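Listed next as structure tokens: two forms of one protein chain, kept apart as structure 1 and structure 2.
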Structure 1
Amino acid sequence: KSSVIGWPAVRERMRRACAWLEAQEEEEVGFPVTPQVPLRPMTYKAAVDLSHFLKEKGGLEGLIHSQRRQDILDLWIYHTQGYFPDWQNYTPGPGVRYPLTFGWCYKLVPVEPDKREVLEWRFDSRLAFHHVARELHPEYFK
């Protein structure tokens, strides 16, 4: 749970995220697996629990969502807690984007004065008891 408190290092990174060039990295091939460690899809319980750790310690709330930022979260959870990074998908716009993962208590709301559309992570415990994505789109579910 204290390694769950390597989150500031993740949150830090999550933030701040005749011509100059990107330093293309040298790619190493393949997808390793660490030997006996179970990999599973994200769970309602974990998603709820994670959710709450996050709303407490802060940094997710009203941070601005880009896929780049999203991804750093997902890998973090994949590497430390072993949940495949397919769970943090949201329902499509325009509008508020809803979690497809029941138990994940963040949604993506748009926003104007401070600036397709821009969004931020926002916490909603109602997401825990009301699977909004599923009724908006039972097509995705079963």
Structure 2
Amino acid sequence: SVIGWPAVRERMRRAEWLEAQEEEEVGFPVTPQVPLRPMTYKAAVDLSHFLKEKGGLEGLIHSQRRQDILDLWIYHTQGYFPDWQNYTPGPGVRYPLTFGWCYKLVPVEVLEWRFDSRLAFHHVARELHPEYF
């Protein structure tokens, strides 16, 4: 992970006629025994803190691209399905759906990543949208 982040941090900073129709080699291979799972609370918490500690995400302006870079990085390097970094719909502050993920998106809607430790304890998104859960 650890050497991984600075690389992908820059990638994220960087981000921000016809569609080149894209071609397939059909299908979705599964690497035989490597297990894949949804993000866990502890992992989300650890990572939140790691990124907080190392910096790079705090106050970064959010885009789907930039998020995608992040999620895929975690996916390849850690085996977490990249369906975890969703946030509540706005407008306003967007709260993460994954309890443990200590970042949120705050309008500065042009939003940005903001760390908030309360989120490791108050699952706001669940209050706001119990149906999602």
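Numbering for residues begins at 1 and runs along the sequence of structure 1. Rigid core: the largest C-alpha set superposing within 1.5 Å between the two forms.
**Item:** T34: Cα shift of 2 Å or greater between structure 1 and structure 2 (core-aligned)
**Value:** Superposed on the core, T34 moves its C-alpha 2 Å or more between structure 1 and structure 2.
**Request:** Fit the two forms on their core, then tell me the C-alpha shift of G62 between structure 1 and structure 2 in angstrom.
**Result:** Value for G62 between structure 1 and structure 2: 0.2 Å of C-alpha shift.
**Request:** Once the rigid core is superposed, tell me how far the Cα of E25 moves between structure 1 and structure 2, in Å to one decimal.
**Result:** C-alpha shift for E25: 6.9 Å.
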